[PDB]
Amino acid sequence: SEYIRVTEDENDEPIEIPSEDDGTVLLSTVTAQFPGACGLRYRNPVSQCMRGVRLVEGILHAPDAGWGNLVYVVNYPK
């Protein structure tokens, strides 16, 4: 039952987004909860700077360090 936590505000309580069997997350799993979302970002706990999730053909790839216990934030266009 592996998942990642996604919110549109670190203020708000996040939603649990299930991962696939290969450990990736489908953009479609995110957009079902956050229609219009064009990607994920998180605070790098080392740099304390915001950091992007790799996205290739509707597939979100875990950071090299793994998904971990991080809260991910959705990006929308304007």
# chains A, B, ... in the order shown; residues from 1 in each chain; ligands from 1
>>> residues_around(residues="residue A:36", least_positions_apart="2", cutoff="10 Å", atoms="only C-alpha atoms", output="list in words")
residues 30, 31, 32, 33, 34, 38, 39, 74, 75, 76 and 77 of chain A
>>> write_last_selection(atoms="N, CA, C and O atoms", output="PDB file, in the first residue's frame")
ATOM      1  N   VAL A  30      -2.390  11.728  -9.561  1.00  0.00           N
ATOM      2  CA  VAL A  30      -2.351  13.096  -8.962  1.00  0.00           C
ATOM      3  C   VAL A  30      -3.498  13.944  -9.531  1.00  0.00           C
ATOM      4  O   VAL A  30      -4.194  14.592  -8.728  1.00  0.00           O
ATOM      5  N   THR A  31      -3.685  13.963 -10.855  1.00  0.00           N
ATOM      6  CA  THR A  31      -4.653  14.871 -11.535  1.00  0.00           C
ATOM      7  C   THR A  31      -6.095  14.454 -11.203  1.00  0.00           C
ATOM      8  O   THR A  31      -6.971  15.338 -11.222  1.00  0.00           O
ATOM      9  N   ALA A  32      -6.336  13.182 -10.871  1.00  0.00           N
ATOM     10  CA  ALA A  32      -7.640  12.697 -10.355  1.00  0.00           C
ATOM     11  C   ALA A  32      -8.043  13.501  -9.109  1.00  0.00           C
ATOM     12  O   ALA A  32      -9.244  13.801  -8.959  1.00  0.00           O
ATOM     13  N   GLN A  33      -7.077  13.846  -8.255  1.00  0.00           N
ATOM     14  CA  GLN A  33      -7.304  14.618  -7.003  1.00  0.00           C
ATOM     15  C   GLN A  33      -7.070  16.113  -7.243  1.00  0.00           C
ATOM     16  O   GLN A  33      -7.728  16.925  -6.566  1.00  0.00           O
ATOM     17  N   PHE A  34      -6.165  16.461  -8.157  1.00  0.00           N
ATOM     18  CA  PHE A  34      -5.741  17.857  -8.434  1.00  0.00           C
ATOM     19  C   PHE A  34      -5.826  18.129  -9.936  1.00  0.00           C
ATOM     20  O   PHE A  34      -4.812  18.278 -10.610  1.00  0.00           O
ATOM     21  N   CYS A  38       0.434  20.175 -13.266  1.00  0.00           N
ATOM     22  CA  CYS A  38       1.486  19.983 -14.300  1.00  0.00           C
ATOM     23  C   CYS A  38       2.791  19.478 -13.665  1.00  0.00           C
ATOM     24  O   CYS A  38       3.734  19.217 -14.424  1.00  0.00           O
ATOM     25  N   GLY A  39       2.848  19.302 -12.340  1.00  0.00           N
ATOM     26  CA  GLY A  39       3.997  18.646 -11.684  1.00  0.00           C
ATOM     27  C   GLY A  39       3.982  18.763 -10.169  1.00  0.00           C
ATOM     28  O   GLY A  39       3.022  19.341  -9.611  1.00  0.00           O
ATOM     29  N   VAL A  74       1.651  20.376  -5.426  1.00  0.00           N
ATOM     30  CA  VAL A  74       1.292  20.386  -6.875  1.00  0.00           C
ATOM     31  C   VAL A  74       1.570  21.779  -7.445  1.00  0.00           C
ATOM     32  O   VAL A  74       1.351  22.772  -6.722  1.00  0.00           O
ATOM     33  N   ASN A  75       2.037  21.829  -8.696  1.00  0.00           N
ATOM     34  CA  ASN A  75       2.125  23.069  -9.508  1.00  0.00           C
ATOM     35  C   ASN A  75       0.980  23.076 -10.519  1.00  0.00           C
ATOM     36  O   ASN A  75       0.687  22.002 -11.091  1.00  0.00           O
ATOM     37  N   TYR A  76       0.378  24.246 -10.725  1.00  0.00           N
ATOM     38  CA  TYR A  76      -0.615  24.515 -11.790  1.00  0.00           C
ATOM     39  C   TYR A  76      -0.030  25.546 -12.752  1.00  0.00           C
ATOM     40  O   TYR A  76       0.820  26.343 -12.362  1.00  0.00           O
ATOM     41  N   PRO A  77      -0.457  25.565 -14.033  1.00  0.00           N
ATOM     42  CA  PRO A  77      -0.257  26.732 -14.893  1.00  0.00           C
ATOM     43  C   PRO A  77      -1.095  27.925 -14.409  1.00  0.00           C
ATOM     44  O   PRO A  77      -1.842  27.766 -13.466  1.00  0.00           O
TER      45      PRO A  77
END
>>> select_by_dssp(residues="chain A", states="alpha helix (DSSP H)", output="ChimeraX atom specification")
/A:27-33
>>> select_by_dssp(residues="chain A", states="strand (DSSP E or B)", output="PyMOL selection string")
chain A and resi 3-7+15-18+25-26+39-43+50-52+54-56+59-61+71-75
>>> closest_residue(among="A:23, A:65, A:1, A:16", to="residue A:45", atoms="only C-alpha atoms")
A:65
>>> closest_residue(among="A:26, A:47, A:40, A:56", to="residue A:9", atoms="only C-alpha atoms")
A:40
>>> residues_around(residues="residue A:42", least_positions_apart="6", cutoff="12 Å", atoms="only C-alpha atoms", output="number ranges by chain")
A: 4-10, 48-54, 62-63, 67-75
>>> atom_distance(atom1="atom CA of residue A:27", atom2="atom CA of residue A:55")
8.1 Å
>>> residues_around(residues="residue A:19", least_positions_apart="5", cutoff="6 Å", atoms="only C-alpha atoms", output="ChimeraX atom specification")
/A:2-3,24-25
>>> residues_around(residues="residue A:29", least_positions_apart="5", cutoff="10 Å", atoms="only C-alpha atoms", output="list in words")
residues 17, 18, 19, 20, 34, 58 and 59 of chain A
>>> write_last_selection(atoms="N, CA and C atoms", output="short mmCIF file (atom, residue, chain, number, x, y, z; two decimals), in the first residue's frame")
data_model
loop_
_atom_site.label_atom_id
_atom_site.label_comp_id
_atom_site.auth_asym_id
_atom_site.auth_seq_id
_atom_site.Cartn_x
_atom_site.Cartn_y
_atom_site.Cartn_z
N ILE A 17 -1.48 9.65 -2.13
CA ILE A 17 -1.46 9.30 -3.57
C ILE A 17 -0.71 7.98 -3.72
N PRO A 18 -1.41 6.86 -4.03
CA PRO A 18 -0.75 5.57 -4.19
C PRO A 18 0.28 5.55 -5.33
N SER A 19 1.38 4.82 -5.11
CA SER A 19 2.46 4.56 -6.09
C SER A 19 2.15 3.26 -6.85
N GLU A 20 2.78 3.08 -8.01
CA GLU A 20 2.67 1.86 -8.85
C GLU A 20 3.57 0.77 -8.25
N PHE A 34 -6.16 16.46 -8.16
CA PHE A 34 -5.74 17.86 -8.43
C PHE A 34 -5.83 18.13 -9.94
N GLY A 58 3.90 11.32 -18.44
CA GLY A 58 2.86 11.12 -17.42
C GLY A 58 3.33 10.27 -16.25
N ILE A 59 4.64 10.03 -16.11
CA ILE A 59 5.23 9.20 -15.01
C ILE A 59 6.14 10.09 -14.15
#
>>> decode(residues="stretch 42-53 of chain A", atoms="N, CA and C atoms", output="compact mmCIF listing (two decimals), in the first residue's frame")
# COMPACT_ATOMS: atom_id res chain seq x y z
N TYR A 42 8.95 19.74 -3.84
CA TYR A 42 9.13 19.50 -2.39
C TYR A 42 10.29 20.36 -1.87
N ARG A 43 10.32 20.62 -0.56
CA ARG A 43 11.47 21.27 0.10
C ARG A 43 12.56 20.21 0.26
N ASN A 44 13.72 20.42 -0.37
CA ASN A 44 14.95 19.61 -0.15
C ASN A 44 15.35 19.81 1.31
N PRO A 45 15.31 18.75 2.15
CA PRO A 45 15.63 18.90 3.57
C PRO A 45 17.09 19.31 3.84
N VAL A 46 17.99 19.12 2.86
CA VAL A 46 19.44 19.45 2.97
C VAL A 46 19.65 20.94 2.67
N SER A 47 19.23 21.40 1.48
CA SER A 47 19.42 22.80 1.00
C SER A 47 18.37 23.74 1.61
N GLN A 48 17.23 23.19 2.04
CA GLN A 48 16.02 23.95 2.48
C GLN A 48 15.46 24.76 1.31
N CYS A 49 15.81 24.39 0.07
CA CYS A 49 15.28 25.03 -1.16
C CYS A 49 14.24 24.09 -1.80
N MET A 50 13.27 24.67 -2.49
CA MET A 50 12.24 23.92 -3.25
C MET A 50 12.90 23.23 -4.45
N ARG A 51 12.42 22.04 -4.79
CA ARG A 51 13.05 21.09 -5.74
C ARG A 51 11.95 20.38 -6.53
N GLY A 52 12.19 20.14 -7.82
CA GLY A 52 11.21 19.56 -8.75
C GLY A 52 11.31 18.05 -8.80
N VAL A 53 10.18 17.39 -9.06
CA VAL A 53 10.10 15.93 -9.31
C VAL A 53 10.22 15.70 -10.82
